[PDB]
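Structure file work12.cif with mmCIF, C-alpha atoms and all ligand atoms:
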```cif
data_final
loop_
_atom_site.label_atom_id
_atom_site.label_comp_id
_atom_site.auth_asym_id
_atom_site.auth_seq_id
_atom_site.Cartn_x
_atom_site.Cartn_y
_atom_site.Cartn_z
CA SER O 1 0.00 0.00 0.00
CA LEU O 2 1.42 3.31 -1.21
CA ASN O 3 -1.01 6.07 -0.16
CA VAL O 4 -1.86 9.32 -1.84
CA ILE O 5 -3.97 12.37 -1.11
CA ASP O 6 -5.35 14.29 -4.15
CA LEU O 7 -5.58 18.06 -3.59
CA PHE O 8 -7.89 20.05 -5.91
CA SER O 9 -9.09 16.67 -7.07
CA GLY O 10 -12.12 17.68 -9.18
CA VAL O 11 -14.02 14.53 -10.21
CA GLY O 12 -10.92 12.37 -10.13
CA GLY O 13 -9.09 12.18 -13.48
CA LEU O 14 -5.70 12.26 -11.67
CA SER O 15 -7.16 10.07 -8.88
CA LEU O 16 -8.14 7.37 -11.39
CA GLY O 17 -4.63 7.57 -12.87
CA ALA O 18 -3.17 7.10 -9.37
CA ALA O 19 -5.47 4.19 -8.51
CA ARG O 20 -4.80 2.36 -11.79
CA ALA O 21 -1.02 2.88 -11.26
CA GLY O 22 -1.32 1.03 -7.92
CA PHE O 23 -1.68 3.83 -5.35
CA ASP O 24 -4.45 3.89 -2.76
CA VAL O 25 -6.22 7.29 -3.06
CA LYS O 26 -6.98 7.77 0.63
CA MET O 27 -8.41 11.30 0.54
CA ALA O 28 -9.63 13.79 -2.07
CA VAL O 29 -9.83 17.52 -1.26
CA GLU O 30 -12.09 19.60 -3.53
CA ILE O 31 -14.06 22.82 -2.87
CA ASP O 32 -16.73 22.36 -5.57
CA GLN O 33 -19.72 20.44 -4.29
CA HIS O 34 -20.64 18.89 -7.63
CA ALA O 35 -17.06 17.86 -8.42
CA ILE O 36 -16.48 16.32 -5.02
CA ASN O 37 -19.84 14.55 -4.98
CA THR O 38 -18.88 13.03 -8.31
CA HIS O 39 -15.48 12.05 -6.95
CA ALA O 40 -17.27 10.24 -4.07
CA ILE O 41 -19.55 8.37 -6.47
CA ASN O 42 -16.57 6.96 -8.35
CA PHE O 43 -14.24 6.60 -5.33
CA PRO O 44 -16.61 5.54 -2.52
CA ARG O 45 -13.78 4.36 -0.23
CA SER O 46 -11.68 7.53 -0.38
CA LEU O 47 -12.24 10.16 2.29
CA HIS O 48 -13.79 13.38 0.90
CA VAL O 49 -13.00 16.74 2.32
CA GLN O 50 -14.87 19.67 0.78
CA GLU O 51 -12.50 22.40 1.81
CA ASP O 52 -10.41 25.34 0.86
CA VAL O 53 -6.80 24.09 1.07
CA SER O 54 -5.88 27.43 2.72
CA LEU O 55 -7.67 26.21 5.88
CA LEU O 56 -5.53 23.01 5.97
CA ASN O 57 -2.18 22.12 7.46
CA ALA O 58 -0.35 18.86 8.19
CA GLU O 59 -1.76 18.50 11.73
CA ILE O 60 -5.35 19.13 10.62
CA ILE O 61 -4.91 16.56 7.86
CA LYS O 62 -3.45 13.93 10.22
CA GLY O 63 -6.45 14.72 12.48
CA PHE O 64 -8.84 13.83 9.68
CA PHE O 65 -7.24 10.42 9.35
CA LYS O 66 -6.79 9.82 13.12
CA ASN O 67 -4.50 6.89 12.42
CA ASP O 68 -1.04 8.33 11.72
CA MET O 69 -1.65 7.57 7.98
CA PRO O 70 1.66 7.54 6.08
CA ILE O 71 1.18 9.97 3.21
CA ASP O 72 3.46 8.55 0.55
CA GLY O 73 2.37 10.92 -2.20
CA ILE O 74 0.66 14.31 -2.48
CA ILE O 75 -0.81 14.77 -6.00
CA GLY O 76 -3.05 17.48 -7.32
CA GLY O 77 -3.75 20.49 -9.52
CA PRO O 78 -2.64 23.66 -7.78
CA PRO O 79 -4.59 26.58 -9.25
CA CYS O 80 -2.79 29.44 -10.87
CA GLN O 81 -3.95 32.85 -12.16
CA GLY O 82 -2.44 31.74 -15.52
CA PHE O 83 -3.61 33.57 -18.67
CA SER O 84 -6.44 35.31 -16.72
CA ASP O 85 -7.35 36.28 -10.06
CA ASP O 86 -5.21 36.65 -6.88
CA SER O 87 -6.59 33.82 -4.64
CA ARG O 88 -5.56 31.13 -7.16
CA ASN O 89 -1.92 32.26 -6.71
CA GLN O 90 -2.35 31.92 -2.93
CA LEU O 91 -3.79 28.42 -3.43
CA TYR O 92 -0.78 27.49 -5.56
CA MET O 93 1.54 28.27 -2.66
CA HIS O 94 -0.67 26.29 -0.20
CA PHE O 95 -0.22 23.14 -2.27
CA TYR O 96 3.52 23.43 -1.83
CA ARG O 97 3.17 24.47 1.83
CA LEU O 98 1.29 21.22 2.43
CA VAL O 99 3.93 19.18 0.65
CA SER O 100 6.60 20.83 2.82
CA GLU O 101 4.60 20.27 6.06
CA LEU O 102 3.61 16.69 5.27
CA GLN O 103 6.90 15.47 3.77
CA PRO O 104 5.53 12.81 1.40
CA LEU O 105 7.88 10.43 -0.49
CA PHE O 106 6.87 12.34 -3.64
CA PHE O 107 4.68 15.13 -5.00
CA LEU O 108 3.09 15.45 -8.43
CA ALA O 109 1.43 18.69 -9.47
CA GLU O 110 -0.30 19.14 -12.82
CA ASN O 111 -0.89 22.53 -14.42
CA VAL O 112 -2.26 23.82 -17.76
CA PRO O 113 -0.22 26.22 -19.95
CA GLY O 114 -0.08 29.68 -18.37
CA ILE O 115 2.00 28.49 -15.39
CA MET O 116 5.41 29.19 -16.98
CA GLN O 117 4.88 32.95 -17.42
CA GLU O 118 7.49 35.45 -16.21
CA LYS O 119 4.98 37.14 -13.91
CA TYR O 120 4.67 33.88 -11.90
CA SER O 121 8.38 33.16 -11.70
CA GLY O 122 8.30 34.78 -8.21
CA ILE O 123 5.63 32.42 -6.85
CA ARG O 124 7.10 29.37 -8.67
CA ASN O 125 10.54 30.19 -7.20
CA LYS O 126 8.95 30.69 -3.72
CA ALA O 127 7.24 27.28 -4.11
CA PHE O 128 10.46 25.60 -5.39
CA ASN O 129 12.14 27.02 -2.26
CA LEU O 130 9.64 25.40 0.12
CA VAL O 131 10.49 22.01 -1.24
CA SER O 132 14.02 22.15 -2.77
CA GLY O 133 15.63 21.52 0.61
CA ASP O 134 13.99 18.11 0.94
CA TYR O 135 13.16 17.12 -2.65
CA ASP O 136 14.89 16.23 -5.91
CA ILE O 137 12.72 18.40 -8.20
CA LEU O 138 12.52 17.20 -11.80
CA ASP O 139 12.48 19.62 -14.68
CA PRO O 140 8.93 20.25 -16.04
CA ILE O 141 7.40 17.42 -18.04
CA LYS O 142 5.19 18.86 -20.84
CA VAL O 143 3.10 16.14 -22.42
CA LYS O 144 0.61 15.86 -25.28
CA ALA O 145 -2.14 13.46 -24.26
CA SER O 146 -2.38 11.77 -27.62
CA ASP O 147 1.24 10.51 -27.30
CA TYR O 148 -0.07 8.37 -24.40
CA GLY O 149 -2.98 6.89 -26.27
CA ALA O 150 -5.71 9.34 -25.25
CA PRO O 151 -7.89 10.65 -28.08
CA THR O 152 -7.13 14.28 -27.44
CA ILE O 153 -4.19 16.55 -28.17
CA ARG O 154 -4.43 18.64 -24.98
CA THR O 155 -1.11 19.57 -23.36
CA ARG O 156 -0.36 19.48 -19.62
CA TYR O 157 2.67 20.26 -17.43
CA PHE O 158 3.66 17.84 -14.68
CA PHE O 159 5.93 18.93 -11.84
CA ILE O 160 7.38 15.98 -9.87
CA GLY O 161 9.61 15.95 -6.76
CA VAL O 162 10.97 12.98 -4.85
CA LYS O 163 12.32 12.94 -1.31
CA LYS O 164 16.11 13.28 -1.30
CA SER O 165 16.32 10.66 1.47
CA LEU O 166 15.19 8.02 -1.02
CA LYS O 167 18.33 8.45 -3.18
CA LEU O 168 16.56 7.54 -6.39
CA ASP O 169 17.93 7.91 -9.92
CA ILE O 170 15.28 9.10 -12.37
CA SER O 171 15.72 8.69 -16.11
CA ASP O 172 13.02 10.02 -18.44
CA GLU O 173 12.64 6.47 -19.79
CA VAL O 174 10.15 5.86 -17.01
CA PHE O 175 7.73 8.66 -18.08
CA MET O 176 8.15 8.41 -21.87
CA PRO O 177 5.49 6.61 -23.87
CA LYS O 178 6.45 3.23 -25.26
CA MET O 179 4.40 0.71 -27.27
CA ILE O 180 1.47 3.17 -27.55
CA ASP O 181 -1.11 2.81 -30.33
CA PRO O 182 -2.79 6.18 -31.18
CA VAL O 183 -6.55 6.43 -30.65
CA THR O 184 -8.36 8.66 -33.11
CA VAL O 185 -11.88 10.12 -32.74
CA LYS O 186 -13.33 7.29 -34.84
CA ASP O 187 -11.82 4.62 -32.60
CA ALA O 188 -12.83 6.32 -29.34
CA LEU O 189 -16.47 6.80 -30.41
CA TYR O 190 -16.90 3.21 -31.73
CA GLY O 191 -20.16 1.45 -30.89
CA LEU O 192 -22.04 4.31 -29.23
CA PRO O 193 -25.72 4.84 -30.17
CA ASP O 194 -26.43 6.68 -33.45
CA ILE O 195 -29.84 7.77 -32.15
CA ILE O 196 -29.80 9.64 -28.85
CA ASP O 197 -32.20 11.59 -26.62
CA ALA O 198 -31.71 15.20 -27.64
CA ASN O 199 -33.07 17.47 -24.95
CA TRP O 200 -32.24 20.72 -23.25
CA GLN O 201 -30.96 19.94 -19.74
CA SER O 202 -32.89 16.92 -18.50
CA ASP O 203 -32.69 15.70 -14.92
CA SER O 204 -32.47 11.91 -15.58
CA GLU O 205 -29.62 9.61 -16.58
CA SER O 206 -29.40 8.63 -20.23
CA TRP O 207 -28.52 4.95 -19.85
CA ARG O 208 -28.02 3.34 -23.29
CA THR O 209 -26.89 0.06 -24.80
CA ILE O 210 -23.55 0.07 -26.61
CA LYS O 211 -21.60 -2.38 -28.73
CA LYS O 212 -18.57 -3.64 -26.88
CA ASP O 213 -17.04 -6.17 -29.23
CA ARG O 214 -13.62 -4.59 -29.63
CA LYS O 215 -10.16 -5.52 -28.55
CA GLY O 216 -7.01 -3.59 -27.80
CA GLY O 217 -5.38 -1.46 -25.12
CA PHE O 218 -7.80 1.50 -25.33
CA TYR O 219 -10.87 -0.77 -25.08
CA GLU O 220 -9.51 -2.66 -22.07
CA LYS O 221 -9.14 0.72 -20.33
CA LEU O 222 -12.56 1.78 -21.65
CA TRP O 223 -14.53 -1.24 -20.34
CA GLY O 224 -12.32 -2.60 -17.51
CA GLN O 225 -9.14 -2.02 -15.47
CA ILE O 226 -11.24 -1.05 -12.46
CA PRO O 227 -8.87 -0.58 -9.45
CA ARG O 228 -9.69 -2.34 -6.20
CA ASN O 229 -12.43 -0.52 -4.24
CA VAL O 230 -13.03 2.01 -7.06
CA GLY O 231 -16.23 2.42 -9.09
CA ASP O 232 -19.95 3.11 -8.81
CA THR O 233 -21.70 -0.25 -8.23
CA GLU O 234 -24.65 0.50 -10.54
CA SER O 235 -22.38 1.71 -13.37
CA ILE O 236 -20.27 -1.45 -13.11
CA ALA O 237 -23.38 -3.70 -13.04
CA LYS O 238 -24.92 -1.92 -16.05
CA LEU O 239 -21.68 -2.07 -18.03
CA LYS O 240 -21.86 -5.89 -17.67
CA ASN O 241 -25.11 -5.57 -19.64
CA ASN O 242 -23.51 -3.27 -22.27
CA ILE O 243 -25.26 -0.23 -20.79
CA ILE O 244 -23.56 3.09 -19.97
CA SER O 245 -24.65 6.59 -18.78
CA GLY O 246 -24.27 10.03 -20.41
CA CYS O 247 -25.62 9.37 -23.89
CA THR O 248 -27.73 12.54 -23.88
CA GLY O 249 -27.96 14.85 -26.84
CA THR O 250 -28.75 18.54 -27.21
CA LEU O 251 -31.75 19.74 -29.19
CA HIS O 252 -30.64 21.98 -32.11
CA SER O 253 -32.80 24.08 -34.47
CA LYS O 254 -32.96 22.78 -38.10
CA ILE O 255 -30.97 25.75 -39.29
CA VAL O 256 -28.22 24.91 -36.79
CA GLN O 257 -28.49 21.26 -37.73
CA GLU O 258 -28.15 22.06 -41.46
CA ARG O 259 -25.17 24.27 -40.78
CA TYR O 260 -23.47 21.46 -38.78
CA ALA O 261 -24.32 18.85 -41.45
CA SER O 262 -22.47 21.05 -43.92
CA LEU O 263 -19.21 21.15 -41.93
CA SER O 264 -16.22 19.29 -43.33
CA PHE O 265 -13.91 17.44 -40.92
CA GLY O 266 -11.91 19.95 -38.84
CA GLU O 267 -14.07 22.90 -39.89
CA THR O 268 -15.04 25.51 -37.35
CA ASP O 269 -18.60 26.80 -37.65
CA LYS O 270 -18.20 30.53 -38.41
CA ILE O 271 -21.24 31.34 -36.26
CA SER O 272 -21.09 29.10 -33.13
CA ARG O 273 -17.28 28.59 -33.24
CA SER O 274 -17.78 24.88 -32.63
CA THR O 275 -15.47 22.69 -34.67
CA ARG O 276 -16.34 19.43 -36.32
CA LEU O 277 -14.13 16.55 -35.19
CA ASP O 278 -12.00 14.77 -37.77
CA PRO O 279 -12.63 11.04 -37.34
CA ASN O 280 -8.98 10.26 -38.22
CA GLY O 281 -7.72 13.12 -36.04
CA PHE O 282 -7.94 13.83 -32.30
CA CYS O 283 -10.16 15.95 -30.11
CA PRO O 284 -8.73 19.49 -29.73
CA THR O 285 -8.37 20.99 -26.21
CA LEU O 286 -11.81 20.42 -24.53
CA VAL O 287 -17.68 25.44 -26.75
CA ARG O 288 -18.54 21.81 -27.64
CA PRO O 289 -17.06 19.86 -30.55
CA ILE O 290 -19.40 18.77 -33.34
CA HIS O 291 -19.71 15.08 -34.00
CA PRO O 292 -17.85 13.97 -37.19
CA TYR O 293 -20.87 12.21 -38.76
CA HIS O 294 -23.98 13.53 -36.95
CA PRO O 295 -25.15 17.11 -37.20
CA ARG O 296 -24.91 17.89 -33.47
CA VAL O 297 -22.57 18.71 -30.58
CA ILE O 298 -21.05 15.63 -28.90
CA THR O 299 -22.64 14.04 -25.80
CA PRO O 300 -21.06 14.06 -22.36
CA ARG O 301 -20.20 10.38 -22.75
CA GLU O 302 -18.50 11.11 -26.08
CA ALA O 303 -16.48 13.88 -24.47
CA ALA O 304 -15.58 11.49 -21.59
CA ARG O 305 -14.31 8.94 -24.06
CA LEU O 306 -12.29 11.50 -25.94
CA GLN O 307 -10.71 12.67 -22.65
CA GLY O 308 -9.68 9.13 -21.72
CA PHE O 309 -12.27 8.30 -19.07
CA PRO O 310 -13.63 4.76 -18.95
CA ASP O 311 -17.29 4.06 -19.76
CA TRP O 312 -17.93 2.95 -16.16
CA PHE O 313 -16.95 6.37 -14.74
CA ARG O 314 -20.12 8.21 -13.73
CA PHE O 315 -20.51 11.98 -14.12
CA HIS O 316 -23.12 14.47 -12.96
CA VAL O 317 -26.51 13.97 -14.65
CA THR O 318 -26.67 17.37 -16.38
CA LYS O 319 -24.75 18.16 -19.57
CA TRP O 320 -23.74 21.52 -18.16
CA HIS O 321 -21.95 20.00 -15.14
CA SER O 322 -20.59 16.86 -16.77
CA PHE O 323 -18.88 18.82 -19.60
CA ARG O 324 -17.21 21.07 -17.04
CA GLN O 325 -16.17 18.01 -14.95
CA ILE O 326 -14.66 16.36 -18.03
CA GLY O 327 -12.93 19.50 -19.39
CA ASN O 328 -11.39 20.29 -15.97
CA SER O 329 -9.77 16.86 -15.66
CA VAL O 330 -6.37 15.46 -16.41
CA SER O 331 -6.83 12.50 -18.82
CA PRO O 332 -6.87 9.30 -16.74
CA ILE O 333 -4.77 7.59 -19.43
CA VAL O 334 -1.98 10.22 -19.21
CA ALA O 335 -2.27 10.29 -15.40
CA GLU O 336 -1.95 6.48 -15.17
CA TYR O 337 1.15 6.40 -17.31
CA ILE O 338 3.06 9.09 -15.38
CA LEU O 339 1.98 7.85 -11.94
CA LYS O 340 2.90 4.17 -12.80
CA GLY O 341 6.46 5.42 -13.39
CA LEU O 342 6.50 6.81 -9.85
CA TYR O 343 4.90 3.67 -8.37
CA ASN O 344 7.54 1.50 -10.04
CA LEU O 345 10.33 3.73 -8.66
CA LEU O 346 9.00 3.40 -5.13
CA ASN O 347 8.87 -0.43 -5.35
CA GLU O 348 12.57 -1.01 -6.17
CL CL W 1 -4.26 15.47 -19.79
#
```

I need this file expressed as structure tokens, please.
Amino acid sequence: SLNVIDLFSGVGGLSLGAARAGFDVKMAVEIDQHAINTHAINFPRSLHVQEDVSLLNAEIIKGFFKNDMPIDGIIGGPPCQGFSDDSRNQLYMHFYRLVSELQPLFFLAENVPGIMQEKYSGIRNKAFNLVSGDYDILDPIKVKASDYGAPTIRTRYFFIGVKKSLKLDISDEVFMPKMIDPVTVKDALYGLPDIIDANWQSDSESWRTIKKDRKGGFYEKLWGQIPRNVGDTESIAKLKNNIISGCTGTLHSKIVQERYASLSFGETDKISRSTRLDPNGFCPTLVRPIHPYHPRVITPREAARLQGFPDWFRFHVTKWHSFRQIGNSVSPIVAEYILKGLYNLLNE
């Protein structure tokens, strides 16, 4: 048992990566009620703390556990003002304060582009300082998700540190993708219903039968590889009957529909700014993409697939919330790869 806490967890993209890599995600901390409720649905055995990280310290956190829990890793997404304001920069520093106070074997922070700007070099240096005494801090890892077999080209920075006391040697071999087959839009969307319930914002789950008669790495991750103690029981049970949630469409006017039908692959609609997916391409950074074949925006479940979430992962019922939950996540496929490198290091 190597134990992690996920700070700023959202619905648990990075958590699922950790769990699949072999870590036990013991606690998730997330301020947003919808995000953390969704995290609890998918990770019912993790502790859930709906809290501002600024109100936390090492002693408070040990108090939550009550059992002198060894915190082997602190992972998370520290917020940053980025391309946007001030409180996010405070929260950034609290992530690193917590790492310093808790002294885990490692930390992993993920950030979107915006973090490397000159105007943040002060707070990044201040954060490096809190940890550089006790940690071997790796240079930034900038990854493109599609290189790890996720169907999207979104880029992400990972910042990793490992306790000096461990005296580990870290080559990039461990984090680099090897033996990875690319997953295009067409492959990720295979077997989903062609006819879906197109509504406005309905309050009920859109459970639908899919075809699951495919083979290969992506599909094993899509329909299985459920870590121990992870997963919504009903979602898992329904998946056994080829039934999954989130297949809910949006009702479009005929004029919109005709405009979308006329889009070529990769074309951005001049009016809505939505872009039609290329079936042999990847999903751009997650306005909603237009389906490659159907004249409509994609469904939450389609977005989930394109982001690298498995079909058994359950999101909020509404399109509004689920699309935000999906867009705000690290791809679980990318997260798993990077975190498995760290797990392997800590088992030598
Ligand atoms: Cl990602």

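Across the structure, CA of residue 280 in chain O and CA of residue 189 in chain O are spaced 11.4 Å apart.
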
Let me have all residues with an atom within 6 Å of ligand CL 1 (chain W), counting only C-alpha atoms and all ligand atoms, laid out as a PDB file with C-alpha atoms, in the coordinates of the input.
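Heads up, here's the output in selection01.pdb:
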```
ATOM      1  CA  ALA O 145      -2.140  13.460 -24.260  1.00  0.00           C
ATOM      2  CA  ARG O 156      -0.360  19.480 -19.620  1.00  0.00           C
ATOM      3  CA  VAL O 330      -6.370  15.460 -16.410  1.00  0.00           C
ATOM      4  CA  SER O 331      -6.830  12.500 -18.820  1.00  0.00           C
ATOM      5  CA  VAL O 334      -1.980  10.220 -19.210  1.00  0.00           C
TER       6      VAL O 334
END
```

Sort by chain and increasing residue number a table of all residues of range 213-321 of chain O within 7 Å of range 171-184 of chain O, each with its closest pair of atoms and their distance in Å to one decimal, counting only C-alpha atoms, and write it as JSON lines.
```
{"residue": "O:279", "atom": "CA", "partner": "O:184", "partner_atom": "CA", "distance": 6.5}
{"residue": "O:280", "atom": "CA", "partner": "O:184", "partner_atom": "CA", "distance": 5.4}
{"residue": "O:281", "atom": "CA", "partner": "O:184", "partner_atom": "CA", "distance": 5.4}
{"residue": "O:282", "atom": "CA", "partner": "O:184", "partner_atom": "CA", "distance": 5.2}
```

Could you name the residues that touch residue 5 in chain O at 10 Å or less, counting all atoms listed in the file, but leaving out those on the same chain fewer than 2 positions away, as an MDAnalysis selection string?
-> chainID O and resid 3 7:9 15 18 23:29 46:47 61 71:76 104 107

Next, write the just-selected residues to a file, as a compact mmCIF listing (two decimals), in the frame of the given file, keeping C-alpha atoms as the atom set.
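Just written: out29.txt:
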```
# COMPACT_ATOMS: atom_id res chain seq x y z
CA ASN O 3 -1.01 6.07 -0.16
CA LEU O 7 -5.58 18.06 -3.59
CA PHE O 8 -7.89 20.05 -5.91
CA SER O 9 -9.09 16.67 -7.07
CA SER O 15 -7.16 10.07 -8.88
CA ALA O 18 -3.17 7.10 -9.37
CA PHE O 23 -1.68 3.83 -5.35
CA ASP O 24 -4.45 3.89 -2.76
CA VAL O 25 -6.22 7.29 -3.06
CA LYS O 26 -6.98 7.77 0.63
CA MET O 27 -8.41 11.30 0.54
CA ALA O 28 -9.63 13.79 -2.07
CA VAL O 29 -9.83 17.52 -1.26
CA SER O 46 -11.68 7.53 -0.38
CA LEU O 47 -12.24 10.16 2.29
CA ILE O 61 -4.91 16.56 7.86
CA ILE O 71 1.18 9.97 3.21
CA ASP O 72 3.46 8.55 0.55
CA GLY O 73 2.37 10.92 -2.20
CA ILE O 74 0.66 14.31 -2.48
CA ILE O 75 -0.81 14.77 -6.00
CA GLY O 76 -3.05 17.48 -7.32
CA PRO O 104 5.53 12.81 1.40
CA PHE O 107 4.68 15.13 -5.00
```

Please determine the residues with any atom at most 9 Å from (-9.0, 25.9, 1.8) (coordinates as given in the file, with all atoms listed in the file counting) and report them as a PyMOL selection string.
-> chain O and resi 29-31+50-56+91+94

Which residue, O:328, O:165, O:235, O:250, has the smallest gap to residue 311 in chain O when you use only C-alpha atoms?
-> O:235
